[PDB]
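For reference, the structure discussed in these notes is given below.
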Amino acid sequence: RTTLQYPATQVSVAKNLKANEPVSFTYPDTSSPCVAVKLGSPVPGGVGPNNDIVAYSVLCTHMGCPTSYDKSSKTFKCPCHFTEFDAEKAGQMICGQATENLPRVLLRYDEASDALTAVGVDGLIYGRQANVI
Amino acid sequence: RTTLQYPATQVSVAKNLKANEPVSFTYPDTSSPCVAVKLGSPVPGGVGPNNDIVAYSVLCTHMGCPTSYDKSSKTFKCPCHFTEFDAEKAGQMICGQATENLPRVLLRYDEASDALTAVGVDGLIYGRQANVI
Amino acid sequence: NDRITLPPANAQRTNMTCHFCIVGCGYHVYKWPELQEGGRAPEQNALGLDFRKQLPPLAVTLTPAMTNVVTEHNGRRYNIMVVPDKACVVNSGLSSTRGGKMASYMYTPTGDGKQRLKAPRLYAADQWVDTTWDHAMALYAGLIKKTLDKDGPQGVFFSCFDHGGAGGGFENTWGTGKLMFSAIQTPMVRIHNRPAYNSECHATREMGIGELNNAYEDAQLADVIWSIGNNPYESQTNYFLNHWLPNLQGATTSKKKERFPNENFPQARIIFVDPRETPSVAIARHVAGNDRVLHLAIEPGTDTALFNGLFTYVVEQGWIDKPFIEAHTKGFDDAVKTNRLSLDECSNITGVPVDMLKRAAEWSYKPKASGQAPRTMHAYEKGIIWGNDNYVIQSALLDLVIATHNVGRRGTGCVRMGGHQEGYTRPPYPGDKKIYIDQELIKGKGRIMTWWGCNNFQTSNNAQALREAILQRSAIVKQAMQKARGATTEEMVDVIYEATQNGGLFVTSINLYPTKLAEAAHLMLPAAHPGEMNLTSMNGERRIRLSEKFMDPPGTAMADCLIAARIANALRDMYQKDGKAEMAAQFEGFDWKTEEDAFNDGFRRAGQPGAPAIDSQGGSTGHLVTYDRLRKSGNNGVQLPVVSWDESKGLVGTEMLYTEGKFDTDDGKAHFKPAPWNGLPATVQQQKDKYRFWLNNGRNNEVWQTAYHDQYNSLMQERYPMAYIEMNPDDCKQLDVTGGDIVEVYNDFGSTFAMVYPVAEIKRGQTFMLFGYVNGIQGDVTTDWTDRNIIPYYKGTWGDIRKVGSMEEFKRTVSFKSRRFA
Amino acid sequence: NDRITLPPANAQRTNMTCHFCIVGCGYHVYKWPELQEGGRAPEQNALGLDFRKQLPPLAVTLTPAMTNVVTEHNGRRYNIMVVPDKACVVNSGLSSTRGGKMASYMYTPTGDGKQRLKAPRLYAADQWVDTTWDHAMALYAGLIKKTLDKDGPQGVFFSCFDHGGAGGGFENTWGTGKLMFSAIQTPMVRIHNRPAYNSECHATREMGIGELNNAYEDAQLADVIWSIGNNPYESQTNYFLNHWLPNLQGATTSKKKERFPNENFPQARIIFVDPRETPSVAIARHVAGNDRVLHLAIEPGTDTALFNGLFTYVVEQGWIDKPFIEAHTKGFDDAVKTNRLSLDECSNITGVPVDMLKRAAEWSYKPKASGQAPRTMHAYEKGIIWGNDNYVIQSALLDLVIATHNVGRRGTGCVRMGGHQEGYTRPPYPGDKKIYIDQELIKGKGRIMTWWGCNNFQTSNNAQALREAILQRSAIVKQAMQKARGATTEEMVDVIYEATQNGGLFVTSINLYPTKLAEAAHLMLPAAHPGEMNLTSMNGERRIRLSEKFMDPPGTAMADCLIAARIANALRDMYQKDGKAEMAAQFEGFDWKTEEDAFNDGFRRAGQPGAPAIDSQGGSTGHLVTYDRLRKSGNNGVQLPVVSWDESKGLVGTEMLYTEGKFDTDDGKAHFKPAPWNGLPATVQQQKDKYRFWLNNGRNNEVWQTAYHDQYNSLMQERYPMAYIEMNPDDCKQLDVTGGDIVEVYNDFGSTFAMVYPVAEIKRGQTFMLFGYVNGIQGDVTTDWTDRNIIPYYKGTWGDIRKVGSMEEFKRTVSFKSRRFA
Ligand SMILES: Nc1nc2c(c(=O)[nH]1)N[C@H]1C(S)=C(S)[C@@H](COP(=O)(O)OP(=O)(O)OC[C@H]3O[C@@H](n4cnc5c(=O)[nH]c(N)nc54)[C@H](O)[C@@H]3O)O[C@H]1N2
Ligand SMILES: Nc1nc2c(c(=O)[nH]1)N[C@H]1C(S)=C(S)[C@@H](COP(=O)(O)OP(=O)(O)OC[C@H]3O[C@@H](n4cnc5c(=O)[nH]c(N)nc54)[C@H](O)[C@@H]3O)O[C@H]1N2
Ligand code: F3S
Ligand code: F3S
Ligand code: FES
Ligand code: FES
Ligand SMILES: [Cl-]
Ligand SMILES: [Cl-]
Ligand SMILES: [Cl-]
Ligand SMILES: [Mo+4]
Ligand SMILES: [Mo+4]
Ligand SMILES: [O]
Ligand SMILES: [O]
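Chains as they are written, first to last, in the deposited numbering: chain B, 1 to 133; chain D, 1 to 133; chain C, 4 to 825; chain A, 4 to 825.
Rendered as C-alpha cells:
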C-alpha cells in the first residue's frame, strides 16, 4: 500500500459555521491542530453550499510554531519568523521563510447530512515523518 | 516507512562467474526471475573486482514475457514485441515498445568473502504493484 | 521507483484514443483522488487484476510512466493511469512506447509537461513576457484587420495542421478551416507537413480510389502484404503487431478459410519496397522466415520503374482480371503502352534482380491453384509519398493494383498506412492556385504568419533557407517594436505593420510548448490536447472515436477550435465597431462555448439542408454521429461512412470501400494513368553528382515527431540526446568515425549535425538520419524540389559528411547496439 | 505529498554553506542509498530526532523541498537531505526560504534542475546543437588567439562574477582572474553587477575602512543598529533573525553587561534610512515597538544630505570622540567645513522632520549616562551602493561614523550587509583606466564577449540598450555562419572573425542554465555549483568555510576554475604549435586536476615567497588555511584574517577589524572626506522632470537574484508568475489598476512590464519593482548614469505607467496580500 490511512473525523455541520469565524479541531490526531473557516466568498477547492469552506493545519511549515488566523486579512500568521500564508489561495506563502505552503485539510461536504468531515491532508504537517504517525 | 523491505539474497561468489556466462537466480521471490553476468569489461555501476558484474530482472517491462540474454550482443531480447535492452547501459531500451528500462538488481560485492548479494531493485518489475509482494 | 498506486474499484474511467499515430489504439484513463488507492485483490481495483501474486505475461501493460498525479484548477490532486483497452479491436490491449507515455505527457506543474504554454506570451521587442488573452487578441486581430483592409487576405499567411488526433481532429480542423477559409478568406495557407494547400494522394483520388479504402481486418485476410516506402513496426506499430503478424504466424488462416470455403490460402507472405533494410524487414524475417519475406531494396527514387516493370510483366503473363478491367475501369490499353518497361530494364533501373521481380509478381498476382487471384494488400507511406514524384509513383502503383483487382476485395486494398490520425472537416480552399508558401515567405511576402500546431523550423523541406529568412524577417519586427514607449495597441499594430512594409514579418505560434519557433515568434498562444478537451478523430481504417475530457488544461490554455472562435469574434467586434457590416458578417458563426459546438457546426452539418459547402471525411451521414453515440460505441467507435443509426443497433458503418466496383469518379470506373519514368529530378541529381551520401531520413520507433514532449523526458534524452545518422561501417572506418562521434552533414542546401550510429545493414554510400529533431535538424539538407502539386521529395537528397569530434558522454551513456531484432 | 524518507543513523554527512546570500548559513547534506531509510526512534536516524510522536516547534526545519533523489554518473540513486546546522554560529539552525530549497535545486534529470547545461552547446548559424568540449575549446581559444594576434587583448571582452558562494568563491575567482588578467591580459572586463572593473566601496576603502570590519556578534552587542539602503529581513535574513532581533528582544543584554560591567545598556533601537517602508521596518516595529524604531523615509537619492546634516549636528553638539579624532584621524576640520549643513536645510532636502533627525542623533551618538558613547553599528547596502553617487554617499556616512568612533569598538562597525558571499583571490587588474564595458559593446567594440556566471540581459543598468545591441551584433555572426558548408574549425574562426569586422560579436556564456543569454549566444559551456564541487567562501563577517563535494555534476559540467584551466591549456597548446614561445608562456600555470589545485595556487600563495602579485581577501596568512583544516573547523570555519594555526587549537582568526585605531591607509589614520551635495544627476533629473513615478527596485525575500533556479520551481512560478510592481492604492485607483493587472513601465531608456501589486505603505508617486526577473526585466528603465568610478545609480530612475490589461489567471492564482507583517 502506497497511501497513509487517514481517519474520517467529523468537524461540524456547514450551516453552523459563521462567515469568517474560525473553528479549531485536531486532525489527523490530537497533536495536529487545525482550523476550518467559512470564508464568505467562493474560493477554488472551497466546500459547502457556498464553496467557501477551507481548512488547514496551523503548524507553521517553517519551524512549527502555531500560526494564528487573522480575520481581517484571511491569513495565517507565524510571529516566530514572520511567515504569512493566504487562506484564500490554498495556503500560498505570501512572504516568509517556509518552503511549503500551509497544508490543506481535505474536507468532504455531505449535502444529505450537512456534515463536514476531515478526510485527508494535502502537504506534509510540520514535525512529522508522515502525516499519520 | 517509505521503503520496501527487500531481502538480502546470496547469488554466488564473484570468482565463480565466467565472463559472459549468465547466472539465473530469483529475486526478490521465486516468481521474479533474474540474471547476473560478468560482462568482461567495466561498466558504470558494475560490481566485483573488475567492476563488470551486473544483474537484471528478466521479465520484459512491456508485457512481461521472459527475455533471453544474448551473449554476442550483451543484450536481453523479448521475442513477443521485439524489445531489446542493453546489459551494458543499465537496461537502456535499444528499440522496443516498453516504457521502462530493464529493472537492475542491485548487487553488493563483499571483498572479505567474495560474495555477491542481491539487495534491492532499481525499477519496477513487470506485473506487480510493488517489487516486494 | 518500485511501486504504483492501483486505481480503486470505483475509480472514474473514461475513453481515450492514443494522441499520436494513425493506428489510434484504444486506451482507458482512470482518475481518482491522490490519497486513495485500490486493493491488490482483483475485485478491489479497477483493472480487475490480481496483484496478490505475480501476474502472468501478457496480462497487463503497466509501468510508472503510465501513471501521474495531475492538479486541477480547483487545486485538487488526482492520480491518473492511462492504459490500453484490452477489448478495443484496433489494438487488443497493446500499447506502443509512444502511447504508453501518455500519462507522463499529461500536464503537471512538476513533470514532463512543466514547460507547457499556459498564458499568452509576447516578445515585446527584446524580451519574452506574459500578456493577457484580450491584449493578444487585440494585437493579433488588429494586425489581421489592418492587413485585410489594406492588402487583402493575401497578406495573411498560415501553416496549420490538417490532421487528426492530438493537435488535430474534426473540431479543430473545422474551427481553423472556417476561420482561415470562410472568415479571413486567405489562400496563403500551407499544411503542417507540406508547403502548399494540397493532398498527399492526388493521383489515387483522381483515379477514383480514396487512400483509406479497407479495414485493418483486411491485413488478417491477405495472402500477401506489400509495405511500400514504409517501416510499419516503427511507424504504425500496433497495426503491424495486432493484424499483420498474426497473419504471418498462421493465426488467421481459419478466418480466411471460413470466409472463402473454395479458396486455397497458402502461408502469408510479405514484400517490402524500401532502399533500406529496416527493423520491419528484420522482424518480418524473424517471424515468417527468410523464404516468406522479399526485400526489394530498390535504388532511391526508383519506385515508378519498379511498378511499371511489374505492371508490364503481369499484363504480359495474363495475371490480371480482364473482366474487372472491362466492366469497371478506363484507360488500361493506354497505360499498357505508356508504362511499358521490360524486366531487364526494370532491374537495371531499380537494381533489383530479375529473379526477385518475377518472384514478387508470382507470389502476389499469379492465380492460386483454386483459380482466384491472390489477395494482395498494397500499403504505402512516406517512402513514396515523399518519394521521387509523388503523383507519378501513385499513378504507377495504382495501375498495377487496379489491373490485378486488389481494391474492393477482402484481404486487399491499396492504402496509405497513415501518419497522424485523420480528422478533416473544412470549407473548400478559397482559391484555384497552388502556392508554395515557404518560397513566398522567403521572397518576403506576407505581413503576418501563424504556425498553428506545427513547427516547420524542424520540419520544412529546405528548412535552413526557411529558418534563416523567418529569423531575419522576425528581427526587423523586433527592432521596430523596441522604439515604442507607452504605445497603445493600435499604435503597436501600426509600428509592426510598418516594419512588415520594410521586409518584416509578424510571427505567431499556437502550440502546447514554445518550441524552436520561439526563436522567431512575437506571439505565442497556449493550446489544449485531448483529455484536456474532448476530441474526435479516425484511424487508418476510418474508425471514428471520441477521446473524453478528464482534466483541466494548464492555466488559460484552450482548445484550438475555441482559439479560432476567439480570433473570429475579436475580428467581428472590430469590424462592427468600425461600421463595416459586410466584413463583420464574414466572421459570423463562431458562437462556440465548447469543442462539441465545433463538431456540431462542421462534421455534423456536412451535406445538410442549408449548410455551406463542407469537405468532411464523415460525408453527408456525419450528422448521425454525436458525442453521446460515440461514447456508447466505446473505443471500437464506428468505421466511416456511417450507414445507419438507431437506438437498438447503434452506429453501423462501412468496413471496406469499392466492393461493388463503383469508384469515386464521374463514370464510377477506376481510371488508369500514364506513369512516365524521368529519373531523379534534376535538382536532386545535381546534389547526387556533387556529393557522396544518400541522405535518407524518417522515423525512429521511440521518438514522436518533433519531440515536443520527448525533449523533456529524461529517458528519451538519455537514449537520443542528439539526432542520429545510421551509417555503413566501412564508410565509418573510411571517415574514422564510430558510435557517438558527431558529424556535420551538408550539401548546397544546408548543413546540420548528427551523432554517428554504425549500422551493418546500411548500404555503402547510403545513410539514414532521424528527421524533425530538437538537436540536429535533418531537413536542412533536403531540397526545394516538389512534384506537380508541390509535394516535396523529402527522401531525395545527397550530401557529404565530415567528422566534428568524439562526444565522450554519448559514448558513455548511449547504446549504439543494433535496433534490428535478429 | 505526505511523508519523507529519514536519513539512516549511519548516513554520510557533509558540510555545505548556503549557495546564496552573504550570510552564509551552515547546512549539512545527508546522502544515502535510495532504497534505505532511518527509523523514527531518535538514535535510529541521522537527525537524532524522535519521530515516534509529534516534534515540538523549533526542533527541526524539514520539508519535502529539503530532500531529493540524485542519480550519479555510475547510475546509482541516492536520497539527499539538505538541512540547517543547529550548531553553526551564523544561523543557529535557521534556514531561509532560499537556502531551504537547496536540495530541490541540486541537479536531477527529472526535477527543478532538469534543464541544467550538460554539454557544450553551439548555435550553428540557425540552430542549437550539442558540440564536443574539444570542438568548443578549438573554436573559443581559436577566436581568442586570432583576436590576440590581430587586435591584442583589447578585442577580448568579459563580464565575470567576482563574488563568493555558488558561481564564485576563492577557487573560481582565481581561475578566472588568472585567465583573464595574467594569461589573456585583457583589461576589457566588467563584473557581474557593475559595468567596469571597480569596487562598490572605493570611498570607505580609501578612507582606511574595509567594508567588512566586524563580527555578526557585534549586532548582538550594539545599543543602536542603523540599516541604510537595506531590507535585511528579505536580503540578509538569518543575520537579521539570528543576531539583530535577539538584541531588539532583550536576549543579549546580559552579554553586553558581562562584557562591560560599568556601562549602561538601554533597550536596543533601530534606525532605517530607506525611502520605502519595507517588511524589515514592519517586523522591527512588531518586535521592538514603534517607539524603538525610526524610519527615516528620505526622498530618493538624498542620503548625502542626511549624513551631512547628522555629521554637522553631532559636531555642533560635541557628540563626537575628540581624543579618537586627534590620535587616529586626518581631515576632520576640513570635513566639518565642506559638509556643513543645518538641520533645517537637511530636513528640506530629505523630507525628514527636524525632530526625527535630532532623535536619530540623540539615540545614536549622545553619550550614555555612564559616560560612554552609544555602540552604534552602521549597516548599509544597495540603497546607497547603487544610490545617488556611490563615492559621495560613503564619504558622508563614513565621516559621521569616524567622528563618533563607531568602528573598532565592539557593538559597532560601518559595514556592508553584503549580497553574495565573498571569495576573491585574483591578479591585479591589468589596465590603469576604468572602462564602461556595456558602452563599449553598444558602440561596437570587441570581437568576443564571454558572460561567465552572470546574466546582464536581466541585470545590466540601461539593460534594454544592451540587449538590443548584443542581439544585433550576435545576428551578424549568425548570418555569416549560415553560408559555411563542411568548414574546418580554422575556417569557421575566420568566418566569425570577419563577421566581427563587420559589426558582429561572438557571444559565449558559461553558466548552469541557458538563460535569456541563449537568445544571443553562439556557445554555451556547462558549469558546476557547490556540492558538485568543493568550494570555499566567506560571509559578511569574513568567516571562511569549505562547502564539500557530495555528488557528480550533470553530464560534462565542470567547475569554473577548471573551465578556465581548460581554456588556458587550449591556448597554450595553440601557441606552442604555432611556434610562439613567449605567448605560450603567458598560459602557463593551469596544470589543475581538481578545484583544490586552484585554492592552492591562488588563495594559498598570496604574499608567499616567489608568488606573483595576488589580491586576496585571505591576505598573506591564507596559506594557513587548507581544505582539511577547514573541514575540521566545521561550518563555524574561521574569521579572516587567520592569525595562527596549529594541531592543538586549529585555525584562530580575527573577530573585529580596527580595534587599535590603525586603519588601512599610508599613515594608519582614518581619513575624512568632503561630501558635496549636488542634487540628483542631470540624466536622472531629466527622467524625473518628464515622468511621474520613482521606479525603485530590488529584492523580494522568496526570489533569488535572476531566478535561474526559481524559474523552474512550480511553487515560485505559482507565486510570482511575473515581476511585480508595488504601487500606492490611490495611484492604482487613478490608473484603474488593481492586483493582477499588467502594466507597462517606461521612460526614455526603455519599456518593461509588471503585474500590479497594490501596497498601502508605498508613497504616492513612488513604486517598487522586483529587479532582474525572468518575466518583465526591471533594468530596461534604469539610466546609463554612473558615478566617478562607473558605479550605476540603479535606484535612480523615473518613468510612466500604463495599464495593458487584467490578467484574470493572476487574479485567480496569485496572492496580492500584504508582505509587511502587522
Ligand atoms: N515512432 C514514430 N511513429 C510515427 C511517427 C513518429 O514520428 N514516430 N510519425 C508519424 C507520421 S506523421 C508519419 S507520416 C508516418 C511515417 O511512416 P513511414 O513513411 O513508414 O516512415 P518514414 O521513416 O518516414 O519512411 C518509410 C521508409 O521510406 C523509405 N524510403 C526512403 N526513400 C525511399 C524511396 O525512394 N522509395 C521507397 N520505396 N522507400 C523509401 C525509408 O528507408 C523508410 O524506411 O509515421 C507515423 N508514425
Ligand atoms: N531574497 C534575496 N536576498 C538577496 C538577494 C536576492 O536576490 N534575493 N540578492 C543579494 C544581493 S546580490 C544583494 S546586492 C543584496 C541586496 O540587499 P539590499 O540592498 O538590502 O536590497 P535591495 O532591495 O536591492 O535595496 C535595499 C533598499 O534600498 C532602498 N533604496 C532605494 N533607493 C534608495 C536611496 O536612494 N537611498 C536609500 N537609503 N535607500 C534606497 C530600497 O527601498 C530597498 O528597500 O541582497 C542579497 N540577498
Ligand atoms: S499506442 Fe499510439 S503511437 Fe500508434 S501504435 Fe498505438 S496509436
Ligand atoms: S539560508 Fe541562505 S539565502 Fe542567506 S539567510 Fe541563510 S545564507
Ligand atoms: S516557525 Fe513560522 S516563520 Fe519560522
Ligand atoms: S512483452 Fe516484451 S516486447 Fe512486448
Ligand atoms: Cl516507467
Ligand atoms: Cl516542500
Ligand atoms: Cl578591422
Ligand atoms: Mo506525417
Ligand atoms: Mo549583489
Ligand atoms: O503525414
Ligand atoms: O552585490
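For each residue, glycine too, the CB sits at the ideal point set by N, CA and C.
For residue i, the nearest candidate out of the options (CA to CA)
i, options, result
"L549 (chain A)", "A:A560, A:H525 and A:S636", "A:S636"
"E425 (chain A)", "A:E174, A:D669 and A:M527", "A:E174"
"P269 (chain C)", "C:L224, C:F275 and C:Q737", "C:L224"
"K325 (chain C)", "C:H246, C:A271 and C:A406", "C:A406"
"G123 (chain D)", "C:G116, C:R6, C:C457 and C:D154", "C:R6"
"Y776 (chain A)", "A:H76, A:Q714, A:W680 and A:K596", "A:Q714"
"residue 143 (chain B)", "B:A98, B:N20, B:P44 and B:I53", "The structure shown has nothing for residue 143 (chain B), since chain B only spans 1 to 133."
"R488 (chain C)", "A:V227, A:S754, A:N82 and A:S821", "A:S754"
"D152 (chain C)", "C:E585, C:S821, C:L474 and C:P529", "C:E585"
Beta-bridge pairing of residue i - partner residues as DSSP gives them
i, result
"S31 (chain B)", "DSSP output for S31 (chain B) lists no bridge partner at all."
"residue 828 (chain A)", "With chain A covering 4 to 825 only, the question about residue 828 (chain A) has no answer from this structure."
"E729 (chain A)", "A:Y760 and A:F771"
"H423 (chain C)", "C:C24"
"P36 (chain A)", "A:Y81"
Any chain D beta carbon closer than 7 Å to residue i
i, result
"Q57 (chain C)", "yes"
"residue 829 (chain A)", "In the structure as shown, chain A starts at 4 and stops at 825, and residue 829 (chain A) therefore has no counterpart that could be examined."
Proximity test, Cβ basis, 7 Å: residue i and chain C
i, result
"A87 (chain B)", "no"
Minimum Cβ-Cβ distance from residue i to chain B less than 7 Å
i, result
"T70 (chain C)", "no"
"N459 (chain C)", "no"
Members of the region 101-123 of chain B near chain A, C-beta cut-off 9 Å: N101, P103, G120, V121, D122 and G123
Stretch-stretch touch, CB-based, cutoff 8 Å, three pairs: the region 764-776 of chain A with the region 726-733 of chain A: Result yes; three or more Cβ-Cβ pairs closer than 8 Å.
Validate contact between the region 383-396 of chain A and the region 490-508 of chain A using beta carbons, cut 8 Å, 3 pairs: Result no; under three Cβ-Cβ pairs closer than 8 Å.
contact_flag[the region 337-356 of chain C, the region 302-311 of chain C] where n(CB pairs < 8 Å) is 3 or more: yes
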